[PDB]
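Peer 1: Residue numbers (the authors' numbering), protein chains in the order written: chain B, 82 to 94, 154 to 358; chain G, 11, 14 to 30, 35 to 151; chain A, 1 to 40, 51 to 354, 360 to 415; chain C, 2 to 288, 316 to 372; chain D, 1 to 282; chain E, 2 to 175; chain F, 1 to 168. A virtual CB, placed ideally from N, CA and C, is assigned to each residue, including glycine. I am attaching a structure below and will ask some questions about it afterwards.
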Amino acid sequence: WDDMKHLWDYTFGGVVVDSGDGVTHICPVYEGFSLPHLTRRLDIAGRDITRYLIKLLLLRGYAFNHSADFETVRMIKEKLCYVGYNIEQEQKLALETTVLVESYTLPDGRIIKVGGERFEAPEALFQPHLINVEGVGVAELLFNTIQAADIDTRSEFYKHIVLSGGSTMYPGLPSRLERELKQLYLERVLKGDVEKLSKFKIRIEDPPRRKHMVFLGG
Amino acid sequence: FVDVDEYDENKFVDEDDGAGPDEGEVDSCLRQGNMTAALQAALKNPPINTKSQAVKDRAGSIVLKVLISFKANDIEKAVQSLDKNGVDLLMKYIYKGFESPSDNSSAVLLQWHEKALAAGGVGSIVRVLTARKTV
Amino acid sequence: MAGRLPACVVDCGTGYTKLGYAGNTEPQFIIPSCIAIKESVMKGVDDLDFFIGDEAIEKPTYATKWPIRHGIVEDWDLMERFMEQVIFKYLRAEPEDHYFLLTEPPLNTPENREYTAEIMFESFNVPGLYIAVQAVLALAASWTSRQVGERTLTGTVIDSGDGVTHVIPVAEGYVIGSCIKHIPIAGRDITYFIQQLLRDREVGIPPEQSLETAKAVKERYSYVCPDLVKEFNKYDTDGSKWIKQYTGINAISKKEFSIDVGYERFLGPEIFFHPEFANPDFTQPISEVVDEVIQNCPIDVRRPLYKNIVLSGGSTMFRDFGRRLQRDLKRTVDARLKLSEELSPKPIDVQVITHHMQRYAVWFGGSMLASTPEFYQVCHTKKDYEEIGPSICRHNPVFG
Amino acid sequence: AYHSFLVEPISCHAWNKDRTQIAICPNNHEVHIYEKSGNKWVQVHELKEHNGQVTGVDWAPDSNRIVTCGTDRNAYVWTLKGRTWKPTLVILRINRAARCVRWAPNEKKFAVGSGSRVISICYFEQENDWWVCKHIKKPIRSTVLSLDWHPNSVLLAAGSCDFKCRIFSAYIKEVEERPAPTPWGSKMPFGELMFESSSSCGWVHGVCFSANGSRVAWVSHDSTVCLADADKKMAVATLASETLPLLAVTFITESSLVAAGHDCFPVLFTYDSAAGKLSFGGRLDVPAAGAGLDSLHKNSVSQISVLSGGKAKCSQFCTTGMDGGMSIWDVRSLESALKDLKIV
Amino acid sequence: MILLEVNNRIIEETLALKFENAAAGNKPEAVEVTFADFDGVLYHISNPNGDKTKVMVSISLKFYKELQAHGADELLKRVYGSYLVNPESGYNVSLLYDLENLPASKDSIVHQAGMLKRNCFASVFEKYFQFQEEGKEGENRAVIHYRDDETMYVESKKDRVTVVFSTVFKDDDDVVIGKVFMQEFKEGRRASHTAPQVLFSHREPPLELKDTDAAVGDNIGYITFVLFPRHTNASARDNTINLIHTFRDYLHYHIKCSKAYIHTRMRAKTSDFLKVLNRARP
Amino acid sequence: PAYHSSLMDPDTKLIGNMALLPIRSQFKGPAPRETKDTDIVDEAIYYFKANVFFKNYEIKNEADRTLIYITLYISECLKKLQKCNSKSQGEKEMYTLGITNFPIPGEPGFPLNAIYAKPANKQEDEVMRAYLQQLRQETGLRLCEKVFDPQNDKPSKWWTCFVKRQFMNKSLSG
Amino acid sequence: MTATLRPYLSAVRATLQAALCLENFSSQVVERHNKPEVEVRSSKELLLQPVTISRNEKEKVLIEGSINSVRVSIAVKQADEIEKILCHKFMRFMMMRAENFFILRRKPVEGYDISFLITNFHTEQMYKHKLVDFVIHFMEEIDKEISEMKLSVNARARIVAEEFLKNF
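Listed below in structure tokens is the structure:
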């Protein structure tokens, strides 16, 4: 706290998913405030995706030294790494075609080739067991979070999920969350009956900004 | 837990809104000496829309029969007798015959393809791939 | 050792190739990796009409080719033929019942790793293959300190053989990426210097073979001196014994000439610490290069990297080379940490390891590792290649 | 008449009110504006503000504002202001990437067709100081390929990827109350289907509207060109091509029409009103860059635009293909050279 | 290299190199190499029982007992002359070289030493070449197992010897390629009139089984060589032997080199395709 | 790295920018008399074979500037001593070579004009010229007993081999 | 040997002019995604009718075009075993270099020896008509190339027999 004074001076003069780089944690909001009895946290965000990416690249034959190349591999993540929609299909794509394979130039001039790991690395967000963590995963967690709260306006929550932060802009992420959540909204509400979900209610948020400009009256 | 998009609402599924050609006609004209007349008769009233493959495969079997019932130098005269529309349908059937190994059915079909192509051009081949109306 | 039969160990370098059987101390044959091909349209066995090694650099009616540049295979066909003769002529050991343990330089790509598998597995019915990185093999080749034990795969390997110097920093059995450095001074360069220094002193020199003299003097009379002026003074005072003489016979000239060998003995290897002594475009001393390299690595394995410096290659064999490194580096780092301290953490321990197997250190490390049962597990089996693909060679798990 | 710009294909392009400057997008996230200086071409600025490939660009004549849309599901309204251009931020609320955009003959509201199986109709609002947008899903469903506007600033043509051409109402309680005078139905309310394809032809890549808007034409992927005339009791008129399917298309008068596409070369079609049928007749492609094809393009043409004279009597027209080359064609001095040409 | 060598290069280069330096006054440095050779054959070079100016060459063959039971030792005893001694414990045959003993011709008395994998085998053949020449119709076969799954049968007919190889192609595909070589070998008389006859039997044996049981299978192949009296004579005895005993390794060698050749051709075609595909760009 | 001189004293004088170091010599000039058993000339002769290979040289002291002149001069001496046949004959050449009017700081033809201070006045001029000449003279005769061997006519190749090498890539004859 | 080669390749070629002509298509099901539709098949309207051209029971080409991608498959002619095994090694070999082909799949569609994967990115960076020519030329080169390999091996076996045999 005594390190805050230097910061202040010398200067001037809905459900929400937030990932910056340290970790993400869904935050539901009822009325004008959050919900203390809720707001569950997930132990994985960006660093874990970079680290897992390093390990995966190691498995492909590119031996990046771990505590030496973090900024480089991180830089490589935010440019190719995306979130897969149907992992079975993505894996099929990786094994049978070359369309996912892209070249990347390193600071020392060397050019490497990166493929399936592009969708594999972010997948840890949905399958925490992949990194030896007793987790739940973004989708299951979000579902459980809205589901565990109230009953009065659950659905309303569902129709207002929004992504925030630099580590949630991975391509396909919104569509993935929506579909996987659909599967949850089916494997946790009616052990079957694939003819009632045709009356679903859920849209993935996350627009184009980073200006957390909060104010109102005054 | 599982596909759910196949159950999405903004889905895309062609509508089969709106038996076969004429076996008989493929007789009288097949043929007191008229081969062209037979070909023009067989390409009349195509099934289509009919989900079942039985009826479709029937018209296709018949058409292939006719195509086989042909000499080499006399194909050209017949094909050139067709309208722009006719060539496309003939072409659809040629490609149909290219799905199964009905003997030399392919040998003559490549001949039945160059000349047929000559009448309707390459554009016709595109219509065969761009049609939710099957054969 | 192992299943009665011994495994195959092959270390392919730009210049010399070291080959032999596991368990041995020294390679069975060390030969230039050149390959002689014809030029007079494949016509049957026209591909088999070729020679390799020394036999490739003597056949007039044959063209000499060099498949390895700066360390990478640039021509796979010639490399494949080369391996044909490596296996079926020199090693004289079946490739369908003898495990293989090739090698690769750091900064080598996964594709090359896969090719090194396509050739070995699909042509040569070999039962198993492992691809080791040269610098890491150079690392194993050193536990032979004094006493006792203390195995580690964390250290910095300076590999200087005959082409170019290399400073790859290994960590936990894994070499660092953009942490490797090259110095355009090496054996070949050292021979040229000593030659240019003698050409302007001794007379009656060999026509088309004026390098041989300076080449033979290098590894046979060369050494590292501590203080240059003190050494010069030595020679100018107690001659006849500090100064030595070497003889020889003219090659493409035929003539018995005997010459004196003096200052060049210590001035030659001295270029290492003073590139500006022969290379006008590079003047940074090797000690500084090593220091820069260590400083580019992560702030935590740095100290350990300083603690385990190992040598590899024939160009590191000059007497007291490691000792000289210790003086210069300790002096530089202490001066640095001195500056630090004064403007106001205990001295960093630097250690250069110098074993017996320095020249072909890579091969030796290879033979020793390939000599253990623990190897017949980490190897890639014929079973995995014949079902999964060459892709299994993309990753070659470490052990030891 | 052909100019070789980059090495890749031009996704889209647009010409300002004064055919003096051209905006083009090279499969990038920033548009590039070029200008001619007597006999040479000069770069004046490069608009950048997209996180996805830009797939559409349109320019205005009166307002002089350039609108772009992209696969990053975003849209901004660029302007002048000094040298550097400043674009505005517009939220389409769509999860897909824009495939096409068009302002309007009047220049009061633009339109963006999307993969969200919807058409976003966007207009300015002097209330919040921002740009709104209303959705016109019905009846479309799949991605919308090209979009044209009526000369009345109301009607809207859409190709779509469902193999069916549609016409919609853009009623906006911001401009005028009722609609304009058009044979196309009597009542034109916000969100209304005026016309739908009658055949199951390939996806509609391009659709133009008669100078008056009384006639509408479109080209399918099945290498066919249809034309529906609401002034003739809803015409079906079709023409099956013998070459590769086309893409972009525009009216030159009222009987003729210029189209180009996967065939790479430009073709002319003429409409005979009495029989109400379209006929073939090539053929502006008689035998910079390289040499593989004997046509002024070495790959498919994906966009065409009218430069002067409007849709009633076009004198010069531009065309851009995937060959990364832009051509300007003049149909007047050459018409005489053509030992065989119709025109009207 | 078309033909495989008969002699061993590691032995010959090691001893020659040690010998010229010895015959120069220079002391001898220790040497320790445990190398092997084609098939199941080991090799050890060392400084024995506390010795130093002692060198020795030892060979271990897993199947030595079978060659010995055919007059293998009796021959080796009259080969080296006096350079033959006991075994280095673990290796069926040991040669011991005293540096303070060599003659005045190394490049002459060293070549033989390099030939060890051959001199052990020589006896069985020489014995049957002798049989043929003598016309002894009462001597059994010569079942010799050199490989865990490989067997050689040697018999001397009335006026022509027969050496049969039962070889195994572990890789199924290797079979097809191998067959091609046999076809060309069968029609060899069209080019060579004085060339041994060759027969080939797949899976099953020509006239084997027997009594004793013959190896049968999809991966087994039989090659029969037919040696006449013009090759087994006292003028072509050694030659025919030095050649014929390398045949198996020769066949597998050429199959593998054929595969290598196919790799080169294929590279020469795949690499070209890429150049043509890109030749369409700028 | 290069070897520097440790003869600089807190009471050492200065002739413009250099360091008027004492020497043991009978030659005339403004050099102080050296009482110790070594001096700057011996130091330069001692360090020469090593220093002459160096391309770069850090000036730590005004003593280093003097060390440098003498090193370069050793090079000039070797240039002349190269072509002679006797120790006595060589001495005569050294005397004439040293007595010459080699360039001094401020003049073109003198290298290191960016590192040597030119004489501020006529006195400073003449005195630096006299020092320089006295250094040349003592350097040369002292160099003769090192180059010339007890065997008449024998350019010690162990000294002659440096004739082409240029300290710092410079020359007093350039 | 031909007697029916040309009509076959001509028909394949003609199918190819028609089948290509793709364009950059962003995914309509997945936000900001451009997957090749002929491969993924998540939007039936984006799929063309899967055609097929063959000269007989063994030789044929399958083309199942789409708006942003086309998938071509080949079987090739293989009489005896050596042609079969030679072919298997060659096709697998090329496929291993798929990454270097850009338009080559890592594996061939079930029922064929080799398959291609041409996307809009290819028609953007390569002349599509020159791409088509490659397919037609590849078939002739591939089929002919395999024949040359066979001749080489059979021919070399005779020479291999001769060096050994004359030395008796």
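#1: Which residue marks the beginning of the alpha helix (DSSP H) containing A:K244, and which one marks its end?
#2: My assumption, with CB atoms under 8 Å, is that D:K77 sits in contact with A:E106. Please give the rounded CB distance.
#3: Name, in chain order, the residues that DSSP records as bridge partners for A:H192.
#4: Between the segment 108–116 of chain G and the segment 199–216 of chain C, do at least 3 Cβ pairs fall closer than 8 Å?
#5: Against chain B, does F:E64 count as a neighbour if the rule is that its beta carbon must be under 8 Å from one of theirs?
#6: Excluding the five sequence neighbours on either side, which residues of its own chain have a C-beta within less than 6 Å of the C-beta of A:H371, listed in chain order?
#7: Note down, one range per segment and in chain order, each alpha helix (DSSP H) of at least 4 residues found wholly within the segment 49–102 of chain G.
#8: Return the Cβ separation of A:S232 and A:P279 in integer angstroms, given the expectation that the two are a contact with Cβ distance under 8 Å.
#9: When you check each C-beta in the segment 329–347 of chain B against every C-beta of chain C, which residues fall closer than 9 Å?
#10: Roughly how many whole angstroms lie between the Cα atoms of D:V164 and D:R189?
#11: What residue does the alpha helix (DSSP H) around A:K18 start on, and which one ends it?
#12: Mapping DSSP to helix, strand and coil, what is B:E318?
#13: In whole angstroms, what separates the C-alpha of C:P62 from that of C:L335?
#14: Pick from B:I271, B:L356, B:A279, B:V334: whose alpha carbon is nearest that of B:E318?
#15: Against chain F, which members of the segment 308–321 of chain B pass a CB distance test of less than 7 Å?
#16: How about E:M169 and E:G141: do their beta carbons lie closer than 8 Å?
#17: Can you name the residues of chain F whose CB is closer than 8 Å to the CB of residue 379 of chain C?
#18: Checking the sheet assignment: what are the DSSP bridge partners for C:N75?
#19: Measure the alpha-carbon distance for E:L22 versus E:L68 and round it to whole angstroms.
#20: Hey, does G:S77 have any beta-carbon neighbour from chain F nearer than 8 Å?
#21: Using 8 Å as the Cβ pair cut-off and three pairs as the minimum, do the segment 55–73 of chain F and the segment 237–250 of chain D touch?
#22: Quick check on F:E124 - is its C-beta less than 8 Å from some C-beta in chain B?
#23: Would you tell me roughly how many angstroms separate the C-alpha atoms of C:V32 and G:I84, rounded to the nearest one?
#24: Mapping DSSP to helix, strand and coil, what is B:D158?
#25: Answer yes if the segment 192–203 of chain A comes into contact with the segment 132–151 of chain E, meaning at least three C-beta pairs across the two stretches below 8 Å, and no otherwise.
#26: Anything in the segment 111–124 of chain E with a Cβ closer than 8 Å to a Cβ of chain A? List those residues in chain order, please.
#27: What are the boundary residues of the beta strand (DSSP E) that C:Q331 is part of?
#28: Please list the residues of the segment 283–300 of chain A that have a C-beta atom closer than 8 Å to any C-beta atom in chain E, keeping them in chain order.
#29: Output the residue ranges of the beta strand (DSSP E) runs that lie fully inside the segment 103–181 of chain A and measure 3 residues or longer, sorted by chain position.
#30: Between the C-alpha atoms of B:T293 and B:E171, what's the straight-line distance to the nearest angstrom?
#31: Output yes if chain B places a C-beta closer than 8 Å to the C-beta of G:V25; else output no.
#32: Count the C-beta pairs between the segment 157–169 of chain A and the segment 69–84 of chain A that are closer than 8 Å, then say yes if the count reaches three, no if not.
#33: Does the beta-carbon distance from B:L182 to B:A289 come in below 8 Å?
#34: For the beta strand (DSSP E) holding C:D149, just list the boundary residues, first then last.
#35: Using the C-alpha atoms, what's the distance from A:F110 back to D:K256?
#36: Can you give me the Cβ contacts of A:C189 inside the same chain, cut-off strictly under 8 Å, excluding the 5 residues immediately before and after it?
Peer 2: Walking through what the data contain:
#1: 238–247
#2: Contact check for D:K77 and A:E106: beta-carbon distance about 35 Å, past the 8 Å limit, so the pair fails to qualify.
#3: A:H176
#4: These segments do not touch.
#5: Chain B, which has no Cβ nearer than 8 Å to the Cβ of F:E64, makes this no.
#6: none
#7: 52–58, 69–84, 91–95
#8: Sure, about 6 Å apart at Cβ, within 8 Å.
#9: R343, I344, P347
#10: 19 Å
#11: Not the alpha helix (DSSP H): A:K18 falls in the beta strand (DSSP E), residues 16–21.
#12: helix
#13: 12 Å
#14: Among B:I271, B:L356, B:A279, B:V334, the Cα nearest to that of B:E318 belongs to B:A279.
#15: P311, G312, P314, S315
#16: no
#17: In the structure as shown, chain C begins at 2 and stops at 372. Residue 379 of chain C is therefore absent and cannot be evaluated.
#18: C:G71
#19: 10 Å
#20: no
#21: no
#22: no
#23: In a straight line, the C-alpha of C:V32 is about 58 Å away from that of G:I84.
#24: strand
#25: no
#26: none
#27: 329–336
#28: Along the segment 283–300 of chain A, going in chain order, the ones with a CB nearer than 8 Å to a CB of chain E are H284, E286, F287, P290, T293.
#29: Entirely contained in the segment 103–181 of chain A, the beta strand (DSSP E) runs reaching 3 residues are, in chain order, 165–169, 175–181.
#30: 12 Å
#31: no
#32: no
#33: Their beta carbons are not under 8 Å apart, which means B:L182 does not touch B:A289 by this criterion.
#34: Note, C:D149: beta strand (DSSP E), 148–150.
#35: Rounded to the nearest angstrom, the two C-alpha atoms are 16 Å apart.
#36: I178, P179, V303, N306, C307
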